[PDB]
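One structure is given below, encoded as structure tokens.
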2 protein chains.
Amino acid sequence: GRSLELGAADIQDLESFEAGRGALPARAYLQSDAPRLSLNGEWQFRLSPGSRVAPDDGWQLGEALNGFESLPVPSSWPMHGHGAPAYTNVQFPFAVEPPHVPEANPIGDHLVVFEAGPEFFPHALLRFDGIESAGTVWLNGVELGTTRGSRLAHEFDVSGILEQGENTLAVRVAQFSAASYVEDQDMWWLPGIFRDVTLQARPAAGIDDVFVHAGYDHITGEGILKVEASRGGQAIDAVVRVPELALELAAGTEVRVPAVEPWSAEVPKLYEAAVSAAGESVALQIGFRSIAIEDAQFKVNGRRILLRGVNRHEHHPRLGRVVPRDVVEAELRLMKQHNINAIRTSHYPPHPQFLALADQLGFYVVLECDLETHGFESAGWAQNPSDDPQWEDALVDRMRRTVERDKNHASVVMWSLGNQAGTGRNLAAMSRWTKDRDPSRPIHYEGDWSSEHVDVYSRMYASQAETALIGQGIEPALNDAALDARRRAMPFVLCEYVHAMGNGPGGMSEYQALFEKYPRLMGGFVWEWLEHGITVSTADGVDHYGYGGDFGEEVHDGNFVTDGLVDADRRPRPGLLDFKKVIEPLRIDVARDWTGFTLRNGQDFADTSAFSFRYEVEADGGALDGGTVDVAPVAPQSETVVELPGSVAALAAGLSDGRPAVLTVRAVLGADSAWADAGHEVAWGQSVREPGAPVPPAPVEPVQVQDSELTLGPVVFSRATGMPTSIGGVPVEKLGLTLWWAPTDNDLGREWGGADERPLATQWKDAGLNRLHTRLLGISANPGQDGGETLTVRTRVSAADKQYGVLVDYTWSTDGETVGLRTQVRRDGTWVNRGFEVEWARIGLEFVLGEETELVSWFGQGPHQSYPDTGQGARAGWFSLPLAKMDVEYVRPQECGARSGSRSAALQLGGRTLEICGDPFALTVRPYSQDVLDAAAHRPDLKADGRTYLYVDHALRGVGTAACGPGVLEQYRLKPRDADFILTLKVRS
Amino acid sequence: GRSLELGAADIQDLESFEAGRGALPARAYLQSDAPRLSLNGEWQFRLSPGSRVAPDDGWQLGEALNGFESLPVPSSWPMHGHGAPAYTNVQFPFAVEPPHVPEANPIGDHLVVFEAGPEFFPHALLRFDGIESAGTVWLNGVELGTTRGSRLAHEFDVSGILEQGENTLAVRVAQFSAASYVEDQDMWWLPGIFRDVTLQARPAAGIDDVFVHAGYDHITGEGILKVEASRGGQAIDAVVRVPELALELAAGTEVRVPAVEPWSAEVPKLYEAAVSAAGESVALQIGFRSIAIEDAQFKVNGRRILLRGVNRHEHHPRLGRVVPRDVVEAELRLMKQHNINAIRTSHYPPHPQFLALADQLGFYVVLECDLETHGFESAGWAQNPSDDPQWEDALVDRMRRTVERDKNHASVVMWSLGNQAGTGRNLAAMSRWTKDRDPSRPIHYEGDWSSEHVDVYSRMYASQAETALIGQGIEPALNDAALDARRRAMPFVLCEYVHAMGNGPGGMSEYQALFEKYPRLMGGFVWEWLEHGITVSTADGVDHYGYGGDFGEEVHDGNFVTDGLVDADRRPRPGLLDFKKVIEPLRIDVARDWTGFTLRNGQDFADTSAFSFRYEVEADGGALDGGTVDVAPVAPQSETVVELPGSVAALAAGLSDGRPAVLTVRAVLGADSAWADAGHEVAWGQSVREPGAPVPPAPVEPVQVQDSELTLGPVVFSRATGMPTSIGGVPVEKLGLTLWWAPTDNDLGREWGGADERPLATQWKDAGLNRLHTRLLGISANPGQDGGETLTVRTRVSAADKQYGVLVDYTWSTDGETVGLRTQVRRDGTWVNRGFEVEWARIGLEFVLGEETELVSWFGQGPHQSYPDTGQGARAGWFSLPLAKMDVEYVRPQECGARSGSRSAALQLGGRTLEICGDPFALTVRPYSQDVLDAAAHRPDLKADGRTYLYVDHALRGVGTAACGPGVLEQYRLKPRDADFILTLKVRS
Ligand SMILES: OC[C@H]1O[C@@H](O)[C@H](O)[C@@H](O)[C@H]1O
Ligand SMILES: OC[C@H]1O[C@@H](O)[C@H](O)[C@@H](O)[C@H]1O
Ligand SMILES: OC[C@H]1O[C@@H](O)[C@H](O)[C@@H](O)[C@H]1O
Ligand SMILES: OC[C@H]1O[C@@H](O)[C@H](O)[C@@H](O)[C@H]1O
Ligand code: NA
Ligand code: NA
Ligand code: NA
Ligand code: NA
């Protein structure tokens, strides 16, 4: 019969399996002297909820615009009130039935008027560097075409459509399209024209495309240069000038430069070049380097390299997918400042401006195509576009555009087909296309472990153990003997490892030792550089980051998008401070006798001439000595023993026994670089003269007994509970055993393997670890010394409904000045619950004091937190921080702020100071309780209550990376056990 | 050394394994002419948080009372502001380490001054009928003793301690003691002196104990009477008078009464008797009945009986464990009014006054000892007191006191050792003790399935299938051949079945048919009679019930305590209305031709003389005919065919085809009974002349097309969505498919068996059933009739991230007056998620109307809700209720209120009325959405939004009893399938 539905045609276009239509051939992004006009600025924007109600009212013509309001472009429009951001990880936010699209599909109509001078005639084009996800483009009312591939560039010919003077550009953007099925990255869904829009003139006798080939003969030191130039796809005559190298050559001819300085992330040497035809000149930066796979090793310029990498998404906490250039420059500088040398453009090509910065600052780049079909996995990959022939042209297009845009950049050392897209015919087609087009760069793809269509073997989150087996070449064989032979000849990369969500990542050091030991291991890229937090405010206007669910999403994945080394505003997390140290390119081992240090240059190409080597001896009262020592340049992968000045060793010999002192040797920048100023720290090592264990105070002065209180020097006990009620005028509200901490994001993740896959957080809750109860068994005084008396308080700790417990005995002693506390812990019964062994977070004490703390000082590791499998970046020394600065501003509050390896601590409580000494303990000080910390979903929920929560831990569990990847390694697990530890306390007024 | 802890002695007493000390021998509760004074009234009360701080300040003497305030006694003191109620099911609220007690142990000091006249001298006693959990008792400063067994009676001799005139009674009650380990019932923890306190004189030549033996010879009709009387444990001479039977006999001699009328729950004949010694007379009610197990059947007075039972806890929503006498009488009347004939005193003996009411109203009683160790189960029963020899005397005591108190009551037909206490030596000792003491009553205990120490085979929540196998005697054998032979000779009882939590219970009819078919099946007792809800109010003072967690509990079990047939205030839930019908003691099957009905007397002893048999024919406009028919008494377990007056059949023959009419036959009380008034309904049956399927309207008048709307008679469609936007001026805000409902408590329970034990609620959430999305595929008009046109709207329904869907096509038609809606549903793809088949809650439509509804009327089943496996109590007829009265006030809001079997419906929306007809559909009407219903944890969270949510379901799932016991039976499950159904709509103004 009849057909009455609306918008069927717009929707049928959105449901297209094809690439964009009407676009010029894909080419490089080129700096050209051709006239250009940026259309970035204030556009007009109208939002309709779906195609069926998007007006077809000739709005493209620019006149009589009702419903339109101002909107900046580039933009991610949900970041400007229009709709809301939405976060899913794997799950699609719409029903999975490709190529169909939901009825709720935000449609954004963009319109801008601009002036086209005569220099854009006769020929010109319009360039869009990114539209998420489907663009339709009209100029002065005529349709130029459509765009597909949200992070890829499209160029449309406007010759004979651009009119001199006023022009009107109209763009209809659909959030969802068939392309959404192939853009399922773990990140926010954010439609918009989110990258540059540019009018460019195309002069006659110009240059459309250039393909730089710049190799390096590491034996002769020769460069191998060929620069290809074309117009309309055909090779053209052009001249290539490289002044610094005294070169003038024809485009299209290979020459041998007698001697070039080769490009690497370490020494990113770049030669300025120009490719000139009659009507247009293109300016290039040329880095001479050759990539090769040899002996199951990934080599640049003849050397195996070590990738110290991160996964870099593009995200801004207020602008969405638009990352301003000053943020890009700052964050790339920040990466270099933390010894990073490699970037994976997870999981799509970056802004085109990124590539020149990577060339200049020096990163080995894995440039990744915009392709991810992860949400088909949950259905056994049924309908996976990667293996559906109908999607072949769309996916080859995506790969073509990815390669063509960035093929001229030395920093790109690998092409990646995409991410988490399964296996399939279209991936093979993308590989063959890339391999034919650009043999000079190995192909990467992790989704197909057989590695049939790639040149490197890539995995995500392989455990340290499996990595060690791969490093030795003894991983299990593939069933296919041919494929196994190929894959065993491949070097191995962790495209994602040590997931950096919340407190953590743990186990980074164990990976690094393998990277150093085994040449086949190329290194690894941390998942991920940044947290995708989005700024939002509450009533009082206090700012904080939002995550999945905080924007009304029907389906989401919560804080899983906040999984980074820096926050959305690029403030480092402790994991980055640790990472910087783990990947430091020099190793400095200070001799115990302070006569010198062993120095190993862990770089691949550079020597140590860029570094100044500094030493300082610090003591309780500050610096005793310091200076700089001169070090003959150490070659890459070599080592030497540097003598320290004799005054240092002599100072060590003169220290009275038990006086703590720390010798630190640092390698800093001898001069300003392009990524940091002179004096910036790159590497360091220490040797510590530990303080002698604190003398327990003689048990002098007998305990005083009263009706309800007991008194032992400065300590007052409740005779009912047997617990201290004040120490030296400091009110104590509670003292008890701790075995639990507020779960980290890692603790909320499933630990696969074994019959028990409950997250540790759930194991703890089931076991009652968060709700310990204490029963008093007895209190007794015993002869001490010369009248004095110790006080022993015996308790048992358990939880409601459990038969297992620990016996905890506190023996107190005092000489009137310092208080001696010995704690003994003994397992009672079998610590099994729900059929599995219970594990502990800690063995420690919680002191709850009835006064606030202004300042915390300690001798130990710092300044930032450290847990058994983290804190590589925490060095030995003396530290002091205001209470608030002891905390860590994770988006979801969780256990954090512990300072492991403390020998002494001092809390300033108003006018008094509480001092704690003893054998190594971890230190934590909070203005709120653990229950307040666990309950909080965002930082504003953390309310101070005027108390001080002081945690002193004899033992801590590790933090691992169980949110995604390995849990805590065996050596850092904490099974129930017996324990004993001494402390001394003292209050100064 | 020294020992400084406080309260060690009080705590060591609380940790005692022994029974109470200093108490008189256990005896019956006896109505005596001895002087008595109740000390119930306003006592003084002081609360301390534990033994170590409970003052030892001579408070027992009554002078200088600081910290004391007024408190009524009996009381559960947390119900009066002192502390808070706390609910755990299985889990103990304290660490499990018997006999030890937590430091947080509320200690309640009770004190009262009273006057003792001379009639309490020389000898007297003090009687406590219940103290939870540990009592210490002083009178005028001297310690009488202690109490253990919280629901058991203790009596202390006060001779020479009671002083003439003023006396001061002091009682220190500890909430927790070693006894708590054996009182772990699924209920609130509520300390207090919660039952009577009584001063009783003990005259010389009195009677301390009496033991009535009153058997019945069902062959001769003789009574067998022996009344034992004792003083100080020794048999004494007394005279027994039974006037009605012309008997005067000696105590201690067995006589044969020539003819007695025997006692049963159906005919609770009681003979008044007095047992008199010189100094005291005891008044008794004697019911002659004999209990016997024969041929694997439980028989009373020579007949197998059917138990129609409930589990009766003692709970009051504002007074806790104190249940006022008028509530006890009312609720027992209410039970009889719903055909219940049996009570299990779950899981402790009731108030002593209960036993006379049960004798008088008529219930077969399972009287259960106060014993439950359920919380040791989770540890493999390690340390279970039931098998720990140190607990033998305490547990034998409990059983002794239980039996001695109530052994004289005919209503007690079984003794139960306790509940969920595992297996063990002490249970065997309790059984042997009871068996020696009172052979006249079989022993019940469910915890030991081997049944070694019991006389009946008892289970909880055995499935209908397993019950059928037990009923046939073909359940699997025990390993022990001797024990198997014993158990197979036992009749079988479900001490708990068809858990009545929230919407439900389902599957009651399938159990009942087995009880009727198989003599070995004794029947069953529903878990439980009442919800243990506790009254609380919010800001505006609106009252509602609280459950676990609503009182600050650290560990609890939420609404699992609200699992009853009536609410805390004894308002019936729909499950009780269904239960009443399922267990109705007469079966009335009305003949299709309306000539008569088959009547089966399902009683065990009584005939049908107590019933008046009434008929009524009702039609659309009300009653057409009615009257009473006389029925010659039908013997128990017999049946007959009763003719109806010829006018009834003739009326059926005269009905024009399609005119609905309902013949109902009811058996009501011919005269007032002791539990209801004359006319009270006991049983009923119906025969319905169904209305003819509604004629679909001729598809006349063609559909009108506009830019954004389509019009088809009274219906206006949105051309974008293709859905109605108004019908006859009634705004329609949404129309779509439903497959999901707000989970019931049953849906939140694990369905054991199979690899999938996710609750159904979780299966639905994982599957996206609660978040369906609809895509429009096409809208088309088609030739109807004489110009007219149908309108077909094709849609697909799925959910985000899922590949499965349903195709839903709506074909609309109208003649200008009525609207015809045909809906077609077709499965698209395989409905599997997380590896398991998805099940649906329903196949229906949700109409969301933009106006409120005042009234709902329908022809179908009613007046209360009905689901496929419930609604036995809903009868056919015409019903009309205000919107609010369509809802069901479950404590936790959940799916409820559906009216299955509807043929027509009418919603009054202000001035207009919306009418729905069609083949059988279920009807639900709410002022709030399903998401609001699912989110709500208490009724105050249900906010009306001014809309009407109308649900019309072609198919519904059952509700089952999966919260505890069987899920939905196979025949009521709802697997994805294709479906089609027609409806007609019409708006009257
Ligand atoms: O012009 C349409 C097509 O032209 C091809 O030559 C080119 O490889 C593609 O980039 C595509 O855009
Ligand atoms: O390419 C084959 C691989 O595919 C992955 O998706 C899978 O998780 C691996 O176990 C491996 O089989
Ligand atoms: O008087 C103490 C004991 O006396 C026994 O004769 C009696 O069986 C028990 O009830 C117990 O109370
Ligand atoms: O008495 C033996 C029984 O004990 C129960 O606790 C158990 O759940 C049953 O499976 C049965 O073994
Ligand atoms: Na992914
Ligand atoms: Na938290
Ligand atoms: Na229980
Ligand atoms: Na709910």
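Order of the sequence lines sets the chain letters (A, B, ...), proteins ahead of strands, with each chain counted from 1. In each ligand, atom 1 is the first atom listed, and ligand 1 is the first ligand listed.
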Nearest-contact summary for [atom] - protein heavy atom, Å:
{"atom": "atom 3 (C) of ligand 1", "answer": "A:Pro25 CA, 4.4 Å"}
{"atom": "atom 12 (O) of ligand 1", "answer": "A:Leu24 O, 3.3 Å"}
{"atom": "atom 9 (C) of ligand 1", "answer": "A:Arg400 CD, 3.6 Å"}
{"atom": "atom 10 (O) of ligand 2", "answer": "A:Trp449 CZ3, 3.9 Å"}
{"atom": "atom 4 (O) of ligand 2", "answer": "A:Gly447 O, 4.0 Å"}

Q: Return a yes/no value: protein heavy atom under 4.0 Å from atom 7 (C) of ligand 4?
A: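 Not a single protein heavy atom is under 4.0 Å away.
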Q. Does the protein place any heavy atom closer than 4.0 Å to atom 1 (O) of ligand 4?
A. yes
Q: Could you list which atoms of ligand 1 come closer than 4.0 Å to a heavy atom of A:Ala23?
A: 1 (O), 2 (C), 12 (O)
Q.
Using a 4.0 Å cutoff against the non-hydrogen atoms of A:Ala26, which atoms of ligand 1 qualify?
A.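 Taking each heavy atom of A:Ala26 in turn, ligand 1 has 9 (C), 10 (O) under 4.0 Å.
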(Q) Suppose I only count heavy atoms of B:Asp448 and a 4.0 Å limit; which atoms of ligand 4 are within that range? (A)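 Heavy-atom distances to B:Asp448 below 4.0 Å select 1 (O).
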Q. Is the count of non-hydrogen atoms from other residues, nucleotides or ligands lying under 6.0 Å from A:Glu18 atom CD greater than 12?
A. no
**Q.** B:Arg344 to B:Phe525, cation-pi by 6.0 Å centre distance and 45° axis angle
**A.** no
Q.
Apply side chain to side chain contact (heavy atoms under 4.5 Å, CB included) to residues B:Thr423 and B:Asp387 and explain how you reach the verdict.
A. CA-CA 7 Å; B:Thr423 72; B:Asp387 198 42; over 6 Å; no
Q) If you take all heavy atoms of A:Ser159 and A:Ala124, which pair is closest and at what distance? A) OG-N, 3.6 Å
(Q) If I compare all heavy atoms of B:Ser458 with all of B:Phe492, which pair ends up nearest, and what's the gap? (A) C-CE1, 4.4 Å
Q | Short N-O contact, B:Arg487 and B:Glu452, less than 4.0 angstrom | A |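 Not counted as a salt bridge, because no side-chain N and carboxylate O are separated by less than 4.0 Å.
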Q) Under a 4.0 Å N-O cut-off, is there an ion pair linking A:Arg400 with A:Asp393? A) no
Q: May I ask whether A:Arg401 places a heavy atom under 4.0 Å from ligand 1?
A: yes
**Q.** Option among A:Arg27, A:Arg398, A:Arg437 that satisfies the salt bridge (charged side-chain N to carboxylate O under 4.0 Å, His left out) test with A:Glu404
**A.** A:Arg437
